[PDB]
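Residue numbers (the authors' numbering), protein chains in the order written: chain D, 189 to 225; chain A, 1397 to 1626; chain K, 1537 to 1626; chain B, 979 to 1257.
Each residue gets a CB set at the ideal place from its N, CA and C atoms; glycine is no exception.
Have a look at the structure below before the remarks.
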Amino acid sequence: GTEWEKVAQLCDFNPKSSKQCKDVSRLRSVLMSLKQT
Amino acid sequence: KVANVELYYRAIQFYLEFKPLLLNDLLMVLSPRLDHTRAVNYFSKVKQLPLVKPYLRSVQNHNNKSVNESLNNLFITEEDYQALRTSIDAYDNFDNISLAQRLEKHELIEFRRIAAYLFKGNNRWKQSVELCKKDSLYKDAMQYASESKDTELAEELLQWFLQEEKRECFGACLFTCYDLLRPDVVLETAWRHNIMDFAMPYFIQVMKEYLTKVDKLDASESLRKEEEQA
Amino acid sequence: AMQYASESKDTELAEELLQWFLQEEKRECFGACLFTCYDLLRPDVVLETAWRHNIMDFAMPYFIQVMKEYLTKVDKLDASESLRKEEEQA
Amino acid sequence: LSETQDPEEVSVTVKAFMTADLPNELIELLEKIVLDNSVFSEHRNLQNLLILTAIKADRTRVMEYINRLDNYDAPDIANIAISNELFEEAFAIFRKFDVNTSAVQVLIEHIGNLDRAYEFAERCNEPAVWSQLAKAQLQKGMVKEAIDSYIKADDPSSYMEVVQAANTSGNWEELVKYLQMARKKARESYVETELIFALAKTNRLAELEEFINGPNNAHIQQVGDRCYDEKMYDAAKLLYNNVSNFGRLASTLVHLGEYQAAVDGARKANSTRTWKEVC
C-alpha cells in the first residue's frame, strides 16, 4: 500500500521522448502491478 | 534628437535627483541608442536599481552581461524564482558559478534547487546530484542521473541509496536510470540486501527485451542463411 | 479445458485462461497449464503473475526449459556468426 | 539621415573624416546614430570605422556595439582586437558566434587563466578544446590535470611530451589509463613500452604479465634494461621469460634469491658471465 503508493507517486512513466534508450515496457505492469492489490 | 550621448548620462542623473518617478518613460524612450551597461554600472553606485527593474526586464532581449547579473541579483533580493528560471533559460550571457554560490545557500528549497539545476548547464555533475542528496529525497536527485547519460554515477547513487534502508523507492531509482545499469551488479546488490520485491520488474523488462533480441536475431540469421542458398 | 489451448494455436487465449486459473487458487495444476500451452506463452507475463501470487514452486521448470533453450540459441548463433565471420576472410 | 539614396554621399564624408584625423568621440558618433534606428546597419566598411575607432577609444563601447550589431565580420575584427590589448571583447565574439576552439587559444595565449578557461571548456565539449586544454596543462606541468583534458578527447597525440612530464613526477596510475585507452587509437610501440614501464612501476604484475601475452608489438629488453637500471626486480623475471634472454635474467635472480631455477637458466645459457655470476 504505502510502499507501492510511495514508489508510484514518486516516479512513473509519462509520454516523453527519453524512452528511446531501451523502450521500457515495465511501466505497463508497475503502474498497476501490486497497486490496487 | 541629440547629437552626443553624455547628456543622456547626465540627464538620467538629473531626473534621478529631481523627478526619479518619471524616469521610466525616458528609459524606455532612450534604451535604443544607449549603452545599458554603463547605466547599470552607474546605478550600482547610487543603488536605485530596484526602481528600474521592469525596464531592464524589457532590455533583457539584448542579452547583456551586467544586465543579466544585476537583474538576477534583484530577483535574489526580491526572493523570486519563477522569473529567474525564465531569465536563465531564455538568456545565458552570465556566469553560472556566482549565481550558484548564492542560490545553493539561499535558505530556501527552490533556490537551492536551481543552484543544483544550472550546474548541468556547465556539464558538471557529481555536485548538483550530490548537492540535492542533502535535502531532496523527493525524486529530484534521482532524475538527473538519467539525463547525465553517464554510467558509474547511478551505481554510486544506488549503492548510497541502500546505505540507508530507503528501499521503498529503490524501484524508481532504476526506472529512469534503466539504460545506465547492468543487471549483473543490480541482481548482486539486490540479493545482498535480500530484496527482490519491488526489484523484479527491472528483470521483467530485461527478460522481455533480450528474449525479443535473441528471437529477432535468430530470425535475421535464418533469413540471411536462407538467402545464402540462392 | 487446458488441452484445447494448445491445439488452438492462438495467443491471448491461454493468458486469459491462466489468469482465471489463478482467480481461483488451484495453483496445484498450474504447472500443467504451461506444459501443453508452452509455446503460446511469453515468460514476461508468466514471471510477472507468478511473482504476484508468490508462487515459484511448481512454476520454475518453465523457466528451466527456457534457460536451456535460449542458452542453446545464443550459443548456436554465436557459433554461426563466428563461422560466417571466419568465412568472410577467405 | 535625410540622404537615404546611396552610399556615395556617405563614402565621401566618412573618408574625409577618416582622413581628417578627428579625435575620439567624433566619428564613431555618426556611426552610432546611423547604425542604430536607421537603415544603414550594413557592413560596407562600417566595421573598423566603428569598431577600431572604439578600439581607439579602448572602452566598453565595443561590447555594446557587439551585442547591438549583426552581419558584421567576426574573424578579422577578432584578430584585430587580440592584436591590440582588448581580449575580453574577442572572447565575447567567439562566445557570441559559439566558436569554442577560437576562444581558448586566445584566452590562454593572452592571459593564461586556466581557471577561467577550464570552466568555459566544461560548458562546451569538444576534443579540440580539450586538446588545447591539455596542451596548456603541460605549460604549468599539471600532468595529473593534463590527462582529463585528453580523456574527454581520446587524442593520443603529443604523448612524447606526456612521457617527458611523466617521469618528472611519479604518477604511474593514471598514465596507465591514458595509455590503456590510447592503445585503441595509435597502434605504436612507445605506448606499449612506456605502458609496461608504468605497470612495473606500480607493480600490477597480474595484468602486466597478461598484456605481454597478447599482441604486444612492444620492445622488450629496452624496458627490461630499465628493470635493472632502476632495480625493480621480479619484473625482468617476467619480461625476459617469454623473450628467453638467458644471461640477463640471472643477473637479477642474483638479487632475487632463487638458486634452483637460476642454474636452470644458466644451463641453457652456457655463457661464462652467466655461470660465474650464478656461482
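- For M1538(A), the enclosing alpha helix (DSSP H) begins and ends at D1536 to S1544.
- Contact check for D1488(A) against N1460(A) fails: the beta carbons are separated by 9 Å or more.
- A Cβ-Cβ distance of about 6 Å is found for the pair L1613(K) and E1617(A), placing them in contact under the 8 Å criterion.
- The beta carbon of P1053(B) sits closer than 6 Å to no other beta carbon from its chain once the five residues preceding and following it are set aside.
- Contact check for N1078(B) against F1065(B) fails: the beta carbons are separated by 9 Å or more.
- Considering only beta carbons, the part of the segment 1585–1608 of chain A lying closer than 7 Å to chain K consists of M1596, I1600, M1603, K1604 and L1607, in chain order.
- Contact annotation: in the segment 192–220 of chain D, residues whose CB is within less than 7 Å of a CB in chain A are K194, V195, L198, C199, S206, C209, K210, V212, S213, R214, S217 and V218.
- Linking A1511(A) to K1604(A) through their CA atoms gives a straight-line distance of about 40 Å.
- Cβ-Cβ distances below 8 Å link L1004(B) to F995 in the same chain, with the five nearest sequence neighbours on each side left out; the list follows chain order.
- Straight through space, the alpha carbons of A1081(B) and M1424(A) are spaced by roughly 35 Å.
- Cα atoms of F1571(K) and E1543(K): separation of roughly 13 Å, rounded to the nearest angstrom.
- Among the residues facing chain D, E1551(A) is not included, as its CB has no counterpart in that chain under 9 Å away.
- No residue range can be given for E1166(B), since it is assigned to no alpha helix (DSSP H) and is classified by DSSP as neither H nor E.
- The C-alpha of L1533(A) lies about 10 Å from the C-alpha of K1562(A).
- DSSP, read as helix, strand or coil, puts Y1096(B) in helix.
- Against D1611(K), chain A offers no close residue; the least beta-carbon distance is about 11 Å (beta-carbon pairs closer than 9 Å).
- Take the alpha-carbon of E1042(B) and the one of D1431(A): they are about 6 Å apart.
- Nearest to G1517(A) by C-alpha distance, out of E1500(A), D1491(A) and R1434(A), is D1491(A).
- Sorting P1446(A), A1479(A), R1453(A) and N1469(A) by C-alpha distance to the C-alpha of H1502(A) places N1469(A) at the top.
- Contact note: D1546(A) does not reach chain B at a C-beta cutoff of 7 Å; the least C-beta distance is about 12 Å.
- Assigned with DSSP and collapsed to three states, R1022(B) falls in coil, not helix or strand.
- Around the Cβ of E1185(B), a 10 Å sphere holds fewer than 16 other Cβ atoms; the residue is exposed.
- Two segments are said to touch when three or more pairs of C-beta atoms, one from each, lie closer than 8 Å; by this definition the segment 1027–1039 of chain B does not touch the segment 1469–1482 of chain A.
- Across the segment 1508–1537 of chain A, CB contacts with chain D closer than 7 Å involve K1535, in sequence order along the chain.
- Using a Cβ-Cβ cut-off of 7 Å, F1571(A) is close to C199 of chain D, given in chain order.
- Apart from the 5 residues on each side of it in sequence, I1089(B) sits with its Cβ closer than 8 Å to the Cβ of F1065 in its chain, given in chain order.
- A straight line joining the alpha-carbon of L979(B) with that of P1446(A) spans about 37 Å.
- For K1397(A), there is no enclosing alpha helix (DSSP H), as DSSP marks it with neither H nor E.
- When only Cα atoms are considered, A1176(B) and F1507(A) end up about 47 Å apart.
- For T225(D), at least one C-beta of chain K is nearer than 9 Å to its own C-beta.
- Judged by DSSP secondary structure, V1221(B) falls outside any alpha helix (DSSP H); it is assigned neither H nor E.
- CA-to-CA, the gap between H1197(B) and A1228(B) works out to about 20 Å.
- Taking a C-beta distance under 9 Å as the contact criterion, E1067(B) and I1044(B) qualify as a contact pair.
- Collapsing the DSSP output to three states places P203(D) in coil.
- Taking the Cα of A1114(B) as reference, the smallest distance to any Cα among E987(B), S1167(B), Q1083(B) and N1223(B) is reached at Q1083(B).
- Contact annotation: the segment 1579–1586 of chain K touches the segment 1595–1611 of chain K, with at least three C-beta pairs closer than 8 Å.
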